[PDB]
Amino acid sequence: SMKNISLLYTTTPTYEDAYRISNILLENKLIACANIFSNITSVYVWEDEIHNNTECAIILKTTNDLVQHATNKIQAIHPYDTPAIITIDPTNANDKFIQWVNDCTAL
Amino acid sequence: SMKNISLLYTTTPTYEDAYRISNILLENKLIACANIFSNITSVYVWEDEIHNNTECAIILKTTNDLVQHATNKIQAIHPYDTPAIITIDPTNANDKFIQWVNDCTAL
Amino acid sequence: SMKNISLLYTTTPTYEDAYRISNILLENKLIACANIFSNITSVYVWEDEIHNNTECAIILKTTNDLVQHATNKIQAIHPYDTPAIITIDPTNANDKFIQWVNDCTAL
Ligand SMILES: [Ca+2]
Ligand SMILES: [Ca+2]
Ligand SMILES: [Ca+2]
Ligand SMILES: [Ca+2]
Ligand SMILES: [Ca+2]
């Protein structure tokens, strides 16, 4: 339970992409868990017009020493050329959870 | 509007569990509101295999002096032995809302 | 990619409201994108009892120098008298996304 936790946020065009990324990250012990939110609507401007499509969001939980590697890995395997890969540092968590996230991700 | 706000994030196995936690915290004036997200998929490893199940996520809003009390309370009533109870301190919010969160949770 | 990105979080009574706000912010180049989460349940106290209604949540992505302007604009156009408009500052993001958020919001 030594290391502080970090959150990673990213979006994917499909659920399968979100599941695949979560899987690859878990298998590499780069995260402890992922929360996948389905059917989010993403709205943005492309070519001076407002576009939207359906996506999944993911919250990834890991420790702060693994954040850069996890980001690099997501970037390497992401279906998007320009994905949102965003790091949020929580101010606190319950000790039992901090412990578990560390244990899951320790080599 | 004296105190700065904090967000708490947690997940539950069912919607009913999330409503219940939301409810109990509200009646104790430990939070001002809850946002419940349904049908999220959580992915993690157990016994060396990758598992997933469906959960609800919750964002809980309160003031910073109540975070520890609210976390302790969530731990005591949570269905999971090891729940994720995570605190994020926003850098800013609009005054009318900070005021409201304060008025809802102040003894 | 000069300026750091910031996140805004808010909720709306309907999806149409969330889409409308996203739209207005985009046409003013005050955000780079919106992620809209539908059919969330919001729980709070009204009239000394615990109430709930349906909402959408939105995560808005922009640059830090636009946060105040984006918040002011949201307050002016929001259907709620007391909206939650919350700023979260990520600790890190991938360069390509920072670059894009900056390019999208430049006049
Ligand atoms: Ca395999
Ligand atoms: Ca009762
Ligand atoms: Ca605090
Ligand atoms: Ca127009
Ligand atoms: Ca700022």
# chains A, B, ... in the order shown; residues from 1 in each chain; ligands from 1
>>> calpha_fit_rmsd(fixed="chain C", moving="chain B")
0.4 Å
>>> residues_around(residues="range 17-30 of chain B", least_positions_apart="3", cutoff="10 Å", atoms="only C-alpha atoms", output="MDAnalysis selection string")
(chainID B and resid 10:14 33:38 55:63 65:67 69:71 73:74 77:79 103:107) or (chainID C and resid 41:45 48:52)
>>> closest_atom_pairs(of="chain B", to="ligand 5", cutoff="12 Å", atoms="only C-alpha atoms and all ligand atoms", output="tab-separated table")
residue	atom	partner	partner_atom_place_in_ligand_line	distance
B:90	CA	ligand 5	1 (Ca)	10.0
B:91	CA	ligand 5	1 (Ca)	7.0
B:92	CA	ligand 5	1 (Ca)	7.6
B:93	CA	ligand 5	1 (Ca)	10.4
>>> select_by_dssp(residues="range 1-91 of chain C", states="strand (DSSP E)", output="ChimeraX atom specification")
/C:5-12,33-46,49-63,86-88
>>> write_last_selection(atoms="N, CA, C and O atoms", output="compact mmCIF listing (two decimals), in the first residue's frame")
# COMPACT_ATOMS: atom_id res chain seq x y z
N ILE C 5 -4.65 21.39 -20.36
CA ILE C 5 -6.07 21.20 -20.54
C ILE C 5 -6.76 21.20 -19.19
O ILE C 5 -6.14 20.89 -18.16
N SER C 6 -8.03 21.60 -19.18
CA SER C 6 -8.85 21.48 -17.99
C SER C 6 -10.15 20.79 -18.33
O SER C 6 -10.61 20.86 -19.47
N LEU C 7 -10.74 20.12 -17.33
CA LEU C 7 -12.02 19.46 -17.47
C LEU C 7 -13.13 20.21 -16.73
O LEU C 7 -12.93 20.73 -15.64
N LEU C 8 -14.29 20.29 -17.36
CA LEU C 8 -15.48 20.79 -16.68
C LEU C 8 -16.53 19.70 -16.56
O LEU C 8 -16.76 18.94 -17.49
N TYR C 9 -17.18 19.64 -15.41
CA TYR C 9 -18.24 18.67 -15.17
C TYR C 9 -19.51 19.41 -14.82
O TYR C 9 -19.49 20.35 -14.04
N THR C 10 -20.61 19.00 -15.42
CA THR C 10 -21.91 19.60 -15.14
C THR C 10 -23.01 18.57 -15.41
O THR C 10 -22.75 17.51 -16.00
N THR C 11 -24.23 18.83 -14.95
CA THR C 11 -25.35 17.95 -15.27
C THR C 11 -26.52 18.72 -15.85
O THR C 11 -26.64 19.93 -15.64
N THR C 12 -27.38 18.03 -16.57
CA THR C 12 -28.52 18.68 -17.19
C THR C 12 -29.75 17.82 -17.03
O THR C 12 -29.66 16.60 -16.94
N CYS C 33 -14.28 19.43 -26.91
CA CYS C 33 -15.27 18.38 -27.06
C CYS C 33 -16.07 18.21 -25.78
O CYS C 33 -15.71 18.72 -24.72
N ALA C 34 -17.16 17.46 -25.90
CA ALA C 34 -18.00 17.10 -24.76
C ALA C 34 -18.24 15.60 -24.79
O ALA C 34 -18.42 15.02 -25.87
N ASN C 35 -18.19 14.98 -23.61
CA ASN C 35 -18.64 13.61 -23.46
C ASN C 35 -19.91 13.62 -22.64
O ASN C 35 -19.90 14.02 -21.46
N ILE C 36 -21.01 13.20 -23.25
CA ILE C 36 -22.29 13.22 -22.56
C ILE C 36 -22.68 11.83 -22.11
O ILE C 36 -22.76 10.89 -22.90
N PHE C 37 -22.92 11.71 -20.81
CA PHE C 37 -23.39 10.49 -20.19
C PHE C 37 -24.90 10.59 -19.96
O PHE C 37 -25.38 11.48 -19.25
N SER C 38 -25.66 9.68 -20.55
CA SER C 38 -27.11 9.75 -20.44
C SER C 38 -27.70 8.92 -19.31
O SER C 38 -27.07 7.98 -18.80
N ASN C 39 -28.94 9.27 -18.96
CA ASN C 39 -29.73 8.50 -18.02
C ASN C 39 -28.97 8.19 -16.73
O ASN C 39 -28.80 7.03 -16.36
N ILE C 40 -28.48 9.23 -16.09
CA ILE C 40 -27.91 9.09 -14.77
C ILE C 40 -29.02 9.40 -13.79
O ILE C 40 -29.99 10.09 -14.13
N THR C 41 -28.94 8.83 -12.59
CA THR C 41 -29.92 9.18 -11.57
C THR C 41 -29.28 10.12 -10.57
O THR C 41 -28.19 9.87 -10.07
N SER C 42 -29.95 11.24 -10.32
CA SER C 42 -29.42 12.20 -9.38
C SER C 42 -30.25 12.17 -8.10
O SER C 42 -31.47 12.15 -8.17
N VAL C 43 -29.59 12.12 -6.95
CA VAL C 43 -30.28 12.01 -5.67
C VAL C 43 -29.85 13.12 -4.73
O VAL C 43 -28.66 13.39 -4.63
N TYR C 44 -30.81 13.75 -4.05
CA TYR C 44 -30.58 14.94 -3.23
C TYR C 44 -31.76 15.12 -2.27
O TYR C 44 -32.75 14.37 -2.33
N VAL C 45 -31.68 16.10 -1.38
CA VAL C 45 -32.83 16.37 -0.51
C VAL C 45 -33.59 17.62 -0.95
O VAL C 45 -33.00 18.66 -1.20
N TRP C 46 -34.91 17.48 -1.05
CA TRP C 46 -35.83 18.61 -1.29
C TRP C 46 -37.03 18.47 -0.37
O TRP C 46 -37.57 17.37 -0.21
N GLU C 49 -37.20 15.80 2.39
CA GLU C 49 -37.24 14.40 1.97
C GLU C 49 -36.21 14.12 0.88
O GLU C 49 -35.69 15.04 0.25
N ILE C 50 -35.89 12.84 0.67
CA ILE C 50 -34.90 12.46 -0.34
C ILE C 50 -35.55 12.26 -1.71
O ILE C 50 -36.45 11.44 -1.87
N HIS C 51 -35.10 13.03 -2.70
CA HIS C 51 -35.67 12.96 -4.04
C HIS C 51 -34.67 12.55 -5.11
O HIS C 51 -33.45 12.66 -4.95
N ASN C 52 -35.21 12.09 -6.23
CA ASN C 52 -34.40 11.75 -7.38
C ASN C 52 -35.04 12.10 -8.69
O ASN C 52 -36.26 12.03 -8.82
N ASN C 53 -34.21 12.47 -9.66
CA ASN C 53 -34.65 12.64 -11.04
C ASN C 53 -33.56 12.21 -12.01
O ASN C 53 -32.43 11.89 -11.62
N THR C 54 -33.91 12.20 -13.28
CA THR C 54 -33.02 11.76 -14.33
C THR C 54 -32.25 12.94 -14.88
O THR C 54 -32.78 14.04 -15.00
N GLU C 55 -30.97 12.72 -15.16
CA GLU C 55 -30.14 13.77 -15.72
C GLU C 55 -29.18 13.19 -16.74
O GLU C 55 -29.04 11.98 -16.88
N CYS C 56 -28.49 14.08 -17.43
CA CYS C 56 -27.32 13.71 -18.17
C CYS C 56 -26.14 14.34 -17.48
O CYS C 56 -26.28 15.40 -16.88
N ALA C 57 -24.99 13.68 -17.52
CA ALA C 57 -23.76 14.33 -17.10
C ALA C 57 -22.92 14.68 -18.33
O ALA C 57 -22.99 13.99 -19.35
N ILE C 58 -22.13 15.74 -18.22
CA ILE C 58 -21.21 16.12 -19.27
C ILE C 58 -19.80 16.36 -18.75
O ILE C 58 -19.61 17.07 -17.76
N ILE C 59 -18.82 15.79 -19.43
CA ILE C 59 -17.44 16.19 -19.20
C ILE C 59 -17.01 17.02 -20.41
O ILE C 59 -17.18 16.61 -21.56
N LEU C 60 -16.52 18.23 -20.13
CA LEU C 60 -16.09 19.18 -21.14
C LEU C 60 -14.58 19.32 -21.10
O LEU C 60 -13.99 19.40 -20.03
N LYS C 61 -13.93 19.34 -22.27
CA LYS C 61 -12.47 19.45 -22.31
C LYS C 61 -12.07 20.76 -23.00
O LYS C 61 -12.57 21.09 -24.06
N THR C 62 -11.19 21.53 -22.36
CA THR C 62 -10.77 22.80 -22.91
C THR C 62 -9.37 23.15 -22.40
O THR C 62 -8.71 22.33 -21.81
N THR C 63 -8.90 24.36 -22.68
CA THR C 63 -7.63 24.79 -22.13
C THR C 63 -7.87 25.60 -20.85
O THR C 63 -8.95 26.16 -20.66
N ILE C 86 -18.18 22.27 -12.46
CA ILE C 86 -17.02 21.89 -11.67
C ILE C 86 -15.77 21.73 -12.53
O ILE C 86 -15.80 21.12 -13.61
N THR C 87 -14.67 22.30 -12.05
CA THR C 87 -13.40 22.27 -12.77
C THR C 87 -12.44 21.28 -12.13
O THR C 87 -12.20 21.32 -10.94
N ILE C 88 -11.92 20.39 -12.96
CA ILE C 88 -10.93 19.42 -12.56
C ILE C 88 -9.70 19.60 -13.45
O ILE C 88 -9.81 19.64 -14.68
>>> closest_residue(among="C:2, C:76, C:84, C:32", to="chain B", atoms="only C-alpha atoms")
C:84
>>> select_by_dssp(residues="chain A", states="alpha helix (DSSP H)", output="VMD selection string")
chain A and resid 15 to 27 67 to 77 95 to 105
>>> write_last_selection(atoms="N, CA, C and O atoms", output="tab-separated table (two decimals), in the first residue's frame")
chain	number	residue	atom	x	y	z
A	15	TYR	N	-17.24	-0.74	-27.53
A	15	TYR	CA	-17.03	-1.45	-26.28
A	15	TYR	C	-15.86	-2.44	-26.38
A	15	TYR	O	-15.04	-2.55	-25.47
A	16	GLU	N	-15.78	-3.16	-27.50
A	16	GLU	CA	-14.73	-4.16	-27.68
A	16	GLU	C	-13.34	-3.56	-27.56
A	16	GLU	O	-12.46	-4.16	-26.95
A	17	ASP	N	-13.15	-2.37	-28.13
A	17	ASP	CA	-11.90	-1.61	-27.98
A	17	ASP	C	-11.60	-1.31	-26.52
A	17	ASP	O	-10.45	-1.42	-26.08
A	18	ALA	N	-12.63	-0.92	-25.77
A	18	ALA	CA	-12.46	-0.61	-24.36
A	18	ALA	C	-12.11	-1.88	-23.59
A	18	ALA	O	-11.25	-1.87	-22.71
A	19	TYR	N	-12.77	-2.98	-23.93
A	19	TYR	CA	-12.52	-4.22	-23.24
A	19	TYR	C	-11.11	-4.70	-23.57
A	19	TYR	O	-10.36	-5.12	-22.69
A	20	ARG	N	-10.73	-4.60	-24.84
A	20	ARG	CA	-9.42	-5.04	-25.28
A	20	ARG	C	-8.30	-4.28	-24.58
A	20	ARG	O	-7.36	-4.86	-24.06
A	21	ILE	N	-8.42	-2.96	-24.55
A	21	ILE	CA	-7.43	-2.13	-23.88
A	21	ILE	C	-7.31	-2.46	-22.38
A	21	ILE	O	-6.20	-2.61	-21.85
A	22	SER	N	-8.46	-2.61	-21.72
A	22	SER	CA	-8.50	-2.98	-20.31
A	22	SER	C	-7.75	-4.29	-20.09
A	22	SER	O	-6.86	-4.39	-19.24
A	23	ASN	N	-8.12	-5.29	-20.89
A	23	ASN	CA	-7.45	-6.57	-20.90
A	23	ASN	C	-5.94	-6.51	-21.06
A	23	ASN	O	-5.21	-7.10	-20.26
A	24	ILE	N	-5.48	-5.82	-22.10
A	24	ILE	CA	-4.05	-5.73	-22.36
A	24	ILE	C	-3.38	-5.07	-21.17
A	24	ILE	O	-2.36	-5.56	-20.69
A	25	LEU	N	-3.97	-4.00	-20.63
A	25	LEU	CA	-3.38	-3.33	-19.48
A	25	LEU	C	-3.35	-4.23	-18.24
A	25	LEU	O	-2.35	-4.28	-17.53
A	26	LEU	N	-4.42	-4.98	-18.00
A	26	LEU	CA	-4.46	-5.88	-16.85
A	26	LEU	C	-3.39	-6.96	-16.98
A	26	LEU	O	-2.67	-7.26	-16.04
A	27	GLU	N	-3.26	-7.51	-18.18
A	27	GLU	CA	-2.35	-8.61	-18.44
A	27	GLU	C	-0.89	-8.18	-18.24
A	27	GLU	O	-0.04	-8.98	-17.86
A	67	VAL	N	1.75	5.35	-14.25
A	67	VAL	CA	0.93	6.21	-15.09
A	67	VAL	C	1.53	6.47	-16.48
A	67	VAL	O	0.83	6.34	-17.48
A	68	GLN	N	2.81	6.81	-16.54
A	68	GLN	CA	3.45	7.06	-17.84
A	68	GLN	C	3.49	5.81	-18.72
A	68	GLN	O	3.17	5.88	-19.91
A	69	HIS	N	3.87	4.67	-18.14
A	69	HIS	CA	3.90	3.42	-18.89
A	69	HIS	C	2.51	3.05	-19.38
A	69	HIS	O	2.34	2.66	-20.53
A	70	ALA	N	1.52	3.22	-18.51
A	70	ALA	CA	0.16	2.89	-18.88
A	70	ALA	C	-0.29	3.79	-20.02
A	70	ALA	O	-0.89	3.32	-20.98
A	71	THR	N	0.04	5.08	-19.94
A	71	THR	CA	-0.29	6.02	-21.00
A	71	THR	C	0.40	5.65	-22.33
A	71	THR	O	-0.23	5.66	-23.39
A	72	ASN	N	1.68	5.31	-22.25
A	72	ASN	CA	2.44	4.95	-23.44
A	72	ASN	C	1.81	3.74	-24.10
A	72	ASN	O	1.68	3.68	-25.32
A	73	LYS	N	1.40	2.78	-23.27
A	73	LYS	CA	0.83	1.54	-23.77
A	73	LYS	C	-0.53	1.78	-24.41
A	73	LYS	O	-0.84	1.20	-25.45
A	74	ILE	N	-1.35	2.61	-23.78
A	74	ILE	CA	-2.65	2.91	-24.33
A	74	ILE	C	-2.50	3.59	-25.70
A	74	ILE	O	-3.19	3.25	-26.65
A	75	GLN	N	-1.55	4.51	-25.78
A	75	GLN	CA	-1.28	5.23	-27.01
A	75	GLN	C	-0.85	4.26	-28.11
A	75	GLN	O	-1.27	4.38	-29.26
A	76	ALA	N	-0.03	3.28	-27.75
A	76	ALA	CA	0.46	2.31	-28.70
A	76	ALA	C	-0.66	1.44	-29.27
A	76	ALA	O	-0.64	1.12	-30.45
A	77	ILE	N	-1.66	1.11	-28.45
A	77	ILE	CA	-2.68	0.15	-28.87
A	77	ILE	C	-4.04	0.77	-29.19
A	77	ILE	O	-4.97	0.06	-29.57
A	95	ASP	N	-7.74	3.05	2.61
A	95	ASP	CA	-6.49	2.29	2.69
A	95	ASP	C	-6.58	0.91	2.06
A	95	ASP	O	-5.68	0.51	1.32
A	96	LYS	N	-7.66	0.17	2.34
A	96	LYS	CA	-7.81	-1.18	1.80
A	96	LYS	C	-7.73	-1.19	0.27
A	96	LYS	O	-7.14	-2.10	-0.32
A	97	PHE	N	-8.30	-0.16	-0.36
A	97	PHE	CA	-8.30	-0.08	-1.81
A	97	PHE	C	-6.90	0.30	-2.32
A	97	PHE	O	-6.44	-0.23	-3.33
A	98	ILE	N	-6.24	1.21	-1.62
A	98	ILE	CA	-4.88	1.61	-2.00
A	98	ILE	C	-3.96	0.40	-1.96
A	98	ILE	O	-3.11	0.22	-2.83
A	99	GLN	N	-4.14	-0.42	-0.93
A	99	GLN	CA	-3.38	-1.64	-0.77
A	99	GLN	C	-3.60	-2.57	-1.95
A	99	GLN	O	-2.66	-3.05	-2.58
A	100	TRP	N	-4.87	-2.79	-2.27
A	100	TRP	CA	-5.23	-3.73	-3.32
A	100	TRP	C	-4.71	-3.31	-4.71
A	100	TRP	O	-4.24	-4.15	-5.49
A	101	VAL	N	-4.81	-2.01	-5.01
A	101	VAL	CA	-4.32	-1.49	-6.27
A	101	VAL	C	-2.81	-1.71	-6.38
A	101	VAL	O	-2.30	-2.11	-7.43
A	102	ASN	N	-2.08	-1.45	-5.29
A	102	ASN	CA	-0.64	-1.74	-5.25
A	102	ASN	C	-0.33	-3.23	-5.46
A	102	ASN	O	0.54	-3.57	-6.27
A	103	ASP	N	-1.05	-4.10	-4.76
A	103	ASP	CA	-0.80	-5.55	-4.86
A	103	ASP	C	-1.09	-6.10	-6.25
A	103	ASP	O	-0.36	-6.95	-6.75
A	104	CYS	N	-2.13	-5.59	-6.89
A	104	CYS	CA	-2.51	-6.06	-8.21
A	104	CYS	C	-1.49	-5.68	-9.26
A	104	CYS	O	-1.36	-6.37	-10.27
A	105	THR	N	-0.77	-4.59	-9.03
A	105	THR	CA	0.07	-4.04	-10.08
A	105	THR	C	1.55	-4.27	-9.81
A	105	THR	O	2.39	-3.98	-10.66
>>> atom_distance(atom1="CA of residue 85 in chain B", atom2="CA of residue 94 in chain A")
5.7 Å
>>> atom_distance(atom1="CA of residue 80 in chain C", atom2="atom 1 (Ca, counted along the ligand's line) of ligand 4")
21.5 Å
>>> atom_distance(atom1="CA of residue 82 in chain B", atom2="CA of residue 1 in chain A")
13.3 Å
